[PDB]
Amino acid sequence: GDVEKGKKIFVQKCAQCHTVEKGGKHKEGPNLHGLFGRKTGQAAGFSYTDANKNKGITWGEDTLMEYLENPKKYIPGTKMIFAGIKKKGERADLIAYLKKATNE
């Protein structure tokens, strides 16, 4: 995916609730640094719902593609309030951004 486009998508749709950098603050949602290859509900120091803690999947390209299409369908009872991104390209770009930004 296109990392620059993904950043713009992140800023538009995600950044008000999430930081990405190492040591970034939790906000309404958790800081996302280190997400890739991590199980659900494992950012330190954040009160997740039991639903997000209990989902039990490993975050990566395949599971983010599904989740981001419709978060509440993938994790029913999540307190993340975001309807989803319908477009496959847009999700791929966003994921490519996340794979860089969350690992820097």
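Quick note: we count residues from 1 along the sequence shown, nothing fancier.
Look at the mean CA B-factor for 36-44 and for 69-77 in the entry; the higher one is 69-77. Among all modelled residues in this chain, the alpha-carbon of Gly60 has a temperature factor (C-alpha) in the middle third. In this PDB entry, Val11 carries a Cα temperature factor that places it within the highest third of its chain's modelled residues.
Compared with the other modelled residues of the chain, the Cα B-factor recorded for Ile95 ranks in the lowest third.
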